[PDB]
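Residue-level structural notes
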2 protein chains.
Amino acid sequence: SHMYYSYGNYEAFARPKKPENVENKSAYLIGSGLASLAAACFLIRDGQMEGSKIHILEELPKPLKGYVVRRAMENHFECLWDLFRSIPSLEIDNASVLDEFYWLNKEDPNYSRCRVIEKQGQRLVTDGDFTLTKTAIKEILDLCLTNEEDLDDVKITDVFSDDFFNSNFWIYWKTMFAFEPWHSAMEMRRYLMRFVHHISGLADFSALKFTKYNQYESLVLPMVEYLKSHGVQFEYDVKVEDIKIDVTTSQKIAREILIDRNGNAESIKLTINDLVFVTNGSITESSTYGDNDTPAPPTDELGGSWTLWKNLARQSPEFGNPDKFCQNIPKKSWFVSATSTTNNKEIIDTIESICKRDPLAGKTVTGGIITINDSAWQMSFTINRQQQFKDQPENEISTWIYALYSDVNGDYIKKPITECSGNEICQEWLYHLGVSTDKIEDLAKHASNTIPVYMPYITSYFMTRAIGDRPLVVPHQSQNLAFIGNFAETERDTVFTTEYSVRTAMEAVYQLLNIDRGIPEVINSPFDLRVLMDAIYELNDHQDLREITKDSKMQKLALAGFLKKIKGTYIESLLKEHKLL
Amino acid sequence: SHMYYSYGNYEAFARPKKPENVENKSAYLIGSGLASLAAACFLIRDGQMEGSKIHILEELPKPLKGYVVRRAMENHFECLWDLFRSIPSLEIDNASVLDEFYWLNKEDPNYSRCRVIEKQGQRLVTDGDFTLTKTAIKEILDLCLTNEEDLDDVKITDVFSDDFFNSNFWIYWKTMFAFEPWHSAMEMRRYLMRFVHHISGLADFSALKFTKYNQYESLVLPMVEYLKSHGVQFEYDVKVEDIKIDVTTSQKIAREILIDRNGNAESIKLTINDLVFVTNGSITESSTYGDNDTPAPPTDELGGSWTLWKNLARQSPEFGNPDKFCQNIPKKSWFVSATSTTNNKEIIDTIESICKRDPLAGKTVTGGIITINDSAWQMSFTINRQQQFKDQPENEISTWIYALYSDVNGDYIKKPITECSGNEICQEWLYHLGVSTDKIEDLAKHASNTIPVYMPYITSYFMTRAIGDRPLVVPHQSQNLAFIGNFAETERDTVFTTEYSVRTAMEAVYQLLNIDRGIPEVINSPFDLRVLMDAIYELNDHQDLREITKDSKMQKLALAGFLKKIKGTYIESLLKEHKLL
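Here is what the cut-offs are and how they apply
- Every chain here is numbered from 1 following its written sequence, a scheme that can differ from the numbering in the entry; residues without coordinates are not drawn.
- Each chain gets a letter, beginning with A, and each ligand a number, beginning with 1, in the order they are written.
- Heavy atoms throughout the structure, all of them, feed into the side-chain values; hydrogens and water do not.
- Residues with missing side-chain atoms are left out of burial classes, side-chain pairs and their counts.
- By the convention used here, strands pair only if DSSP detects at least 2 bridges between them.
- By the criteria applied, helices consist of DSSP H or I runs no shorter than four residues and strands consist of E runs no shorter than two, each listed in order from the N terminus.
- Pairs of residues are marked as contacts when any of their non-hydrogen atoms sit within 4.5 Å.
- Axes here mean lines fitted to C-alpha atoms, for a helix over just the part in contact, with angles spanning 0 to 180 degrees between N-to-C directions.
- Residues qualify for a patch when their relative accessible area is over 30% and they have no salt bridge, like charges being joined within 9 Å and the nonpolar side chains of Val, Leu, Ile, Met, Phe, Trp and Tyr within 5 Å.
- Surface exposure here means Shrake-Rupley accessible area, sampled with a 1.4 Å probe, where a residue is shielded only by the protein chains that are shown.
- Here, a salt bridge means any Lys or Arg side-chain nitrogen found within 4 Å of an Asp or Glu carboxyl oxygen.
- The buried label goes to any residue with under 20% of its type's maximum accessible area, the exposed label to any with over 50%, and the partly exposed label to all in between, with areas taken from a 1.4 Å probe on protein chains only.
- Summed over both partners, the accessible surface that disappears when two parts come together, traced with a 1.4 Å probe, is what is meant by buried area.
- Any pair of nitrogen or oxygen atoms within 3.5 Å is treated as a polar contact; in protein, a donor-acceptor pairing is required on top of that, and neighbouring residues in sequence qualify only through side-chain atoms on both sides.
- Aromatic rings from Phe, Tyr and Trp, with only the six-membered ring used for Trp, were paired whenever their centres fell within 6.5 Å, and each pair was classed as stacked if the ring planes differed by under 30 degrees, edge-to-face if by over 60, and tilted otherwise.
- A ring is scored as having a charge over it whenever the NZ atom of a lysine or the CZ atom of an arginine sits within 6 Å of its centre and within 35 degrees of its normal.

What follows is about the sheet that holds strand β14 (residues 379–383) of chain A. All names here are of chain A. If you walk across this open sheet you meet the 8 strands as β5-β4-β13-β14-β15-β12-β16-β11, and the pairing is mixed. Strands with a single pairing partner mark the edges of an open sheet, and in this sheet they are β5 (122–123) and β11 (288–289). With 6 bridges connecting them, strand β12 (residues 336–342) and strand β15 (residues 397–403) associate as antiparallel partners. In the strand pairing of β15, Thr-341 is matched with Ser-398. Set on the sheet, helix α13 (residues 422–433) makes contact with β4 (116–118), β12, β13 (369–372), β14, β15 and β16 (448–454); between it and β16 the angle comes to about 110°.

Rendered as structure tokens:
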């Protein structure tokens, strides 16, 4: 391809030459999403493009009656870090967003003290172990051994059986990633191989890393200062309708950008030197907002994002199939998310007794999400390093809440979550905290300002896709078109991840300009001996190779002959090295 | 330990905090070798130490009747690149030594057009294939499967048999690395695992990378400008005798540095805050020099380096056993190296017709070493990107020559190489180039200025060592002592390598100061599925799994059952992925 993957320090520290003919090129970026911001940043640094020639078109210009909170990173987001190492931070002087992040998660590491709760406040008894049976472990192995071509339109409830589902591993997995039974077995197979190196840190969120303030403040805003420092243009109130593309038998050239600047109908014309970066699709689209007194109105609208993707699919199949992601989303699926802000010391005291940490402390609180396992909504909540907003009073905590089931009645508020307001969500949440039934309706109506948010497309990432549903970053024979974001296709990496946004960003800029530098490959942990032995030891709840085959005569007979061969050699020393012998 | 290994972009780009209490610390560096220069550089950048407090003691101050040339790098010298990414180059403005190196080897890649020659000029017939038989491949596998503890004082002629030795693979291996039959099987086992990822590029030197000018100009001098830019002290004509060390049952503290500054006998006293970095041993020690008319006088002296290592061994076994490296070196071993500089167009024309490239071109010439396979001295030569010296006339080429056998008579100059002058070496070399017997004595005596160099310790790196012969970088319970260089011990990495000098440099600075940053691990290619399948395909001269077992009924029967299991799964698709099915 116009590209090559690499995996070294040689490729990482090196600076690529200024790409040929970039002194006569312009680039247009569709949407102000985090992927576009990264693609524009890559055009500045590595592509050495002019700042006066990078245009970012957004529908938004410059209300809301409360605070709203919008997952964590991990060390091996290899493309996210090549970017923020070059982004000067907004807090600590002469140190990059990486540096401030790097130090902050070393000074205050992340770990969950109470990961799962049940029975209205109590800590889950088997919290820690995976409760994976011999059958469940095998279906995990078979799914990874299953080729990805043999997973077209294959749901998760077709690869696993009961043994896997009634386990803590499924509880830990579906809740930190927001997976659904009817979701793509193709993507979960990617997630299993993607994060096989932190599988020990799955039960306790030890391999997670959070920023200081919220995603806007710590990630988006440092980028925006970097971009405007270089003169990058920010077009506001620009809605993109369609993009005329010439798909000849030889090329694919973009020509027009049919926009609606505020109210006027205009159009930008593109040569072959005018690059276009389309963030096709959006999970944040068509989100409604409620308050502490009214539910967020449920909607199913097609926003300008999907209609933009739709208008390109009717121009070539190679530009993707949007309908598999935004149509036929089960009405049970995740739609509602909430944010309860409160200073009432009795709710913060209740949270303290569960998560074992002072929430009003500036340190870690929950360590991640805390899953109410027996809750009807299958609802989870998290509390990050308060205050999460830079100008929020230093005696308030902001709690993010979501639920995976949206058409079942709550155990206390006997109705679906799409029918509930802020205080009705706040009431069902507090009841599961163990708060007394007497102080439930008051502490939610008058003490906590809970904001519910309905997004009809939040699970569009994980829909059951097929080979060809997601478009390539740079389609075959394309000259100035690129698709970025989590509905673009690349190799092995996982969507619903800020890494995926910066991956397809860095792959789009590097291909269209042919930059003489390698792109960091998805970490090779799934092909690493040492990482895979660790997975077998951790999947079996810390059992050596003898204890795993002590009840199988057909297995313990094959192992005994295996140990005879590798006895006294590197393999046997590598097997005690990773606790397997 | 005081340390942790890491393998990511997260750890690579990040800057570590200023180590505690470094504002009251001093460091002393023993010798001006490349390892010390790196340790001092690491004290400046990562340790944030003062420049006025880094002392580099050297025996040399500020003749020689000719030019002298002193191996190549590879992409996965993970510690060498964390260093030069921060070293400003001396040629291209505002670009580091890494950058100028990175671009230079992309603009002009390296590859050997004629790797082995024989029969006085002709190209070897089987050049390319490994000629590894089924037995030879297995001894390779067994040696790696052999634990490293089971290799104490084990020579190379005890792990391999005849089948391995009469092969091109042995010819390619012993000559680019300067291995000997009687050398350590422990280190070759490390070399096999170290470079298992470039095994395809072993026959053609395609994975090699050279600098522009010589090692002094392109590596040492950029470092020295960086160090003196920060005020690092350079003590010249300082010979270090002994270093008094307090090895109590609890600690190991250095106290005195017994030196001989020029002629005076002085001594520096060390608190626990005065760090010491000892480059224990030296292959360059006690080197004599000849000219085009007289042989370099053979010597066996103990230089101030070995006597310094000796004086520390009589203070603790944990500081190493120097005698295994500098005593009992076989008199057949490599000692003589040469450098033939000439402008005579008939010698450069002869080289052109063999290496297939214009030597007087500024590009690649030989691509690496060219081995004269049937030569008595087992002599090899290389010609790098002339001119290799910054102020050398643009019509001269400088040819480096060495030989592995030093007590056998040459095929033309019927005497050992330790008896030969510059022109006698130049005559034996030209005879093997195919130059006519008539124009052999003239073109070497009057056309070429060949300088012979005798170093009695060049093969000290690869001597048959045992666990405990090489000291740890930071011995147990040590407080201010560190041993750097290729006679220090670390994990998995290989000596006789500029990576090893910068590895133990970066490990010494990071442990003594406890820097909050990981050290890049030796590349995990020997534990990488994809890299190991590639090795089996490349070791068998590009044969798939069917052709490797077509003559073994006990093997083809086990494979047929193996292919039944993994059929249609990831493993089988990964096996065509790497040409194995």
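Residues and elements named next belong to chain A. On the surface, a nonpolar cluster with roughly 270 Å² of combined accessible area is contributed by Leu-64, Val-68 and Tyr-289. With respect to the helices and strands, the residue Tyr-289 is situated in strand β11. Assessed through its relative accessible area of 42%, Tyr-289 is described here as partly exposed.

Turning our attention to the interface of chain B and chain A. Residue-level contacts link 54 residues of chain B with 54 residues of chain A. Together, the buried faces of chain B and chain A total about 4,700 Å²; carbon and sulfur atoms form 55% of this surface. Considering only the side of chain B, the residues that lose the most area to chain A are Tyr-10, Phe-13 and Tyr-102 of chain B, jointly responsible for 19% of the buried surface there. Remark: the boundary between chain B and chain A carries 6 salt bridges. Here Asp-516 of chain B makes a salt bridge to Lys-106 of chain A, at a shortest N to O gap of 2.4 Å. Counting across the interface, chain B meets chain A through 26 residue pairs in polar contact. Elements represented by at least two residues in the side of chain B that touches chain A include exactly α1 (9–13), α3 (78–84), α4 (97–107), α5 (134–145), α8 (185–194), α16 (529–539) and α19 (570–577) of chain B. With 6 residues, α4 of chain B is the single largest residue contributor to the side of chain B that touches chain A.

Let us look at the packing of aromatic side chains. Summed over the entire model, instances satisfying the criterion amount to 85 aromatic pairs over all chains. Arranged with centres 5.3 Å apart and planes meeting at 10°, the rings of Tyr-412 of chain A and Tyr-431 of chain A form a pair that is stacked. Within this pair, whereas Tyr-412 of chain A is found in the loop between β15 and α13, its partner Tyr-431 of chain A is found in helix α13, the two being separated by 19 residues in sequence. Using a relative accessible area of 27% as the deciding quantity, one classes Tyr-412 of chain A as partly exposed. For the ring pair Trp-334 of chain B and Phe-496 of chain B, a centre distance of 6.5 Å and an interplane angle of 5° mean the geometry is stacked. With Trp-334 of chain B in the loop between α11 (323–326) and β12 (336–342) and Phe-496 of chain B in the loop between β17 (481–484) and α15 (498–513), the pair connects residues that are 162 residues apart, well separated along the chain. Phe-496 of chain B shares its class with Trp-334 of chain B; the two are buried. The ring of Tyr-10 of chain B has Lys-209 of chain A sitting right over it, with the charged end atom 5.5 Å from the ring centre. In this arrangement the basic side chain of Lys-332 of chain B is found over the ring face of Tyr-405 of chain B, its NZ or CZ atom lying 5.8 Å from the centre.

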